[PDB]
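Peer 1:
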Amino acid sequence: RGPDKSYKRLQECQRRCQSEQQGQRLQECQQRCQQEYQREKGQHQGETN
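The entry's author numbering applies: residue 1 is where the sequence shown begins, and numbers increase by one.
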C-alpha cells in the first residue's frame with residue numbers, strides 16, 4: 001500500500017515546512033503544500049495528458 005507520489009511530495013513538503021518554517025510561515029507553507037498537491041493533479045505539464 002503506497003500513496004500517490006504527489007502525496008509523497010505533500011509529506012516531504014509539510015515535513016520541511018515544520019522544520020524550515022514556523023508560525024504564520026508554517027501554516028502558509030503547509031497550505032502551499034496542500035495547494036501544490038492539488039496543482040499536481042491539475043497537471044500543467046501533463047503526465048497523464
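We treat Cβ as the ideally placed atom computed from N, Cα and C, and that holds for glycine.
Output the boundary residues of the alpha helix (DSSP H) element that contains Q27.
Peer 2: What you label residue 27 is simply residue 27 of the sequence shown in a count that begins at 1. Per DSSP, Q27 belongs to the alpha helix (DSSP H) from 24-41.
Peer 1: For the alpha helix (DSSP H) containing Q11, name the first residue and the last one.
Peer 2: Reading the sequence shown from its first residue, position 11 is the one you call residue 11. Start and end: 5-20.
Peer 1: From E20, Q30, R1, pick the residue whose C-alpha is nearest to that of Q11; which is it?
Peer 2: For the purposes of this step, residue 11 is taken as the residue at position 11 of the sequence shown. For the residues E20, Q30, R1, the minimum Cα distance to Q11 belongs to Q30.
Peer 1: What does the alpha-carbon distance come out to for the pair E20 and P3?
Peer 2: As a first step, residue 20 is located in the sequence shown; it is residue number 20 there, counting from the start. As a first step, residue 3 is located in the sequence shown; it is residue number 3 there, counting from the start. Near 24 Å, if we compare the C-alpha coordinates of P3 and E20.
Peer 1: Count the other CB atoms, across all protein chains shown, that sit within 10 Å of the CB of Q14; report buried if there are 16 or more and exposed otherwise.
Peer 2: Within the sequence shown, residue 14 is the residue found at index 14, counting from 1. By the neighbour-count rule (16 or more Cβ atoms within 10 Å), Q14 is buried.
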